[PDB]
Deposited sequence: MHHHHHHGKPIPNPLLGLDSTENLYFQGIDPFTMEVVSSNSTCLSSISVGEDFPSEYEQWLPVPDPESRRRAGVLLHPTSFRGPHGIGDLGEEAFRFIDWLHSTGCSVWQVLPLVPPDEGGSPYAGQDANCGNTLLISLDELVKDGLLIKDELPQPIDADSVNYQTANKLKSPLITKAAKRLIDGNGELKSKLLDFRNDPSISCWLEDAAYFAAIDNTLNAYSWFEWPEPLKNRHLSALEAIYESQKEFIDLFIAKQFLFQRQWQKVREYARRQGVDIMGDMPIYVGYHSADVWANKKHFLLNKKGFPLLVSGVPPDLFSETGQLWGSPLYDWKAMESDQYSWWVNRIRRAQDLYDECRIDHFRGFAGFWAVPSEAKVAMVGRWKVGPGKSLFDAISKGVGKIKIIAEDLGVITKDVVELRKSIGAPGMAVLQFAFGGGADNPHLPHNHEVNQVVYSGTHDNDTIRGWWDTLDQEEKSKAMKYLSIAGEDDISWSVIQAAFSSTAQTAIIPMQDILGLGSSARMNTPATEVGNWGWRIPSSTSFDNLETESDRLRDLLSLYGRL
């Protein structure tokens, strides 16, 4: 009460920092980029080595791209399935440790400066298949865990649909499921039973391969956790038309009576538009079963990652809808998204989640309110900070605490590449704001700025830590060829980055991110 003495412990009653507010940093590196002899990175020794190296820097976050099966061009964003793992990430050496292969079966190593997906498939698939076959034919512990995995309801609600879809796709020569014969197209029960009988082996193998992915990924994830590293994933808001996700859940999407999309995704114009062409969600239909499809999707995301970015988060508040009949995106309209009620349903369904909102480009007031109402951080990207004036939200003095700052993403050139093509004027702006030593180390200047931010989380692509140029760019949007291929040079091992590790640690130390 007012005017009275405090207890003797008043002087010691200091403010304690909230542990959920802890400043941190991390590295963006997709596992396909790891070194190794089999044409593609994988979840074996290089993953653990990278985790050790990451830990040694003081970083506590590892961000990956979606771990789904990619398209033939390698893209993790136009995947074949929203919940399955990319089986080409499976490590053959780890299969040997599991007793599912022997050393003499391993293929001769190949040089692959960049990932060629066709080549990695030819090399690895037969062996993964053979391992899966031995797993299914065995009795004993590993087989017993396959069964737990298979009969786990949170797995089976997506895994059986995915396996049947893949069995049918394998059996049929057809562009997409729109062209399937009606009983398969529309999942007649006795058609599905007939598929299980006739493609039983394929289905059991597919399931086995997903188990093996899951097992290897969970080991990487538990090892990260033991080293104090959280794993941050990514998911596109939309899924592709030719997938189990759509085919097994037609009523949750905006399709006509024949299963063809009424409306597809995109954004309006600086252009004639941009037509992505994904089917759109039927959000009122989803509302009627408490958003169960999205709840399951997040449950799988939780299973894979500690935290997850959602690409095109703005779509939850309002989305651009183009007539499927159209060739340009400029003919669409904006539709009302589900807003917070979706996230309420997810919370009741799954508990606490950690979502990052990709909120780049021009966005509307409702996007910002939705993001803030669920407490999700947005993004800042230093590479975008030097156009326009001092109100540019990517400039450090405009950063927020509840935010993730990047030097650049997988969609941007490396900092060195970006610097090299930077327009004079943007460059002189940058020179004033950044602390730049030699232009060779331009990537460290940007890294330092990212770390000096008030944003709680700073993420740096591995390409920038390695100071690489444009040829190490992961993706160039709106190109159909030559993306997703980057690998750590075969020369650079995690034993050979002590200087880089020290330099990062010193910066994290200085800006309070350790």
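Gaps in the coordinates relative to the deposited sequence fall at 1-47, 317-319.
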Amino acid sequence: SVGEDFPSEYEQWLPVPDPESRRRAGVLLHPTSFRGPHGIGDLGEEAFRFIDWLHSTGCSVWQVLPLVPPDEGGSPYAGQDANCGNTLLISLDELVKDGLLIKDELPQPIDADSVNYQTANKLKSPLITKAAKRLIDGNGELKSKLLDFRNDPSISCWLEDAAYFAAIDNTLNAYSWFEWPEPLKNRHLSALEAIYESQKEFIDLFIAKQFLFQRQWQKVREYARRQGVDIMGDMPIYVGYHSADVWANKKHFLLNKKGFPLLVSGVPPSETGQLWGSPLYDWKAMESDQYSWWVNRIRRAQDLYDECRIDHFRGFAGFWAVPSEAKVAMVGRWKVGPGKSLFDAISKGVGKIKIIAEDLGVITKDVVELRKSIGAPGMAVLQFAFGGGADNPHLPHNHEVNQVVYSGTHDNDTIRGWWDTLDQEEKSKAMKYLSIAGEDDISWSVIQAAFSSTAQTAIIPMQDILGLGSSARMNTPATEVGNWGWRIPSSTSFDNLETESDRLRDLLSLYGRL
From here on, numbers count along this sequence of modelled residues.
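The term rigid core refers to the maximal set of C-alpha atoms that superpose within 1.5 Å between the two forms.
The segment moving more, judged by mean Cα distance from this form in 5 other deposited structures of this protein after a core overlay, is 322-330 among 387-395 and 322-330. The segment moving more, judged by mean Cα distance from this form in 5 other deposited structures of this protein after a core overlay, is 313-321 among 364-372 and 313-321. Omission of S114 is seen in none of the other entries compared for this protein where the adjacent residues are built, far below a third. Modelled in this chain, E271 is nonetheless unresolved in at least one third of the other entries of the protein that span it on both sides.
Mean C-alpha B-factor is higher over 420-428 than over the other stretch, the pair under comparison being 420-428 and 228-236.
Across the two stretches, 281-289 and 387-395, the PDB entry reports the greater mean Cα temperature factor for 281-289. Highest CA B-factor among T87, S407, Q214, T364, as stated in the entry: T364.
Within the selection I203, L189, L263, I415, the deposited Cα B-factor values reach their highest point at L263. Compared with the other modelled residues of the chain, the Cα B-factor recorded for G375 ranks in the middle third. Per the PDB record, residue ranking by Cα B-factor puts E480 in the highest third of the chain. Ranked by C-alpha B-factor against the other modelled residues of its chain, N296 falls in the middle third. Per the deposited record, the Cα B-factor of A174 falls in the highest third when ranked against the other modelled residues of its chain. Ranked by Cα temperature factor within the chain, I442 sits in the middle third according to the deposited record.
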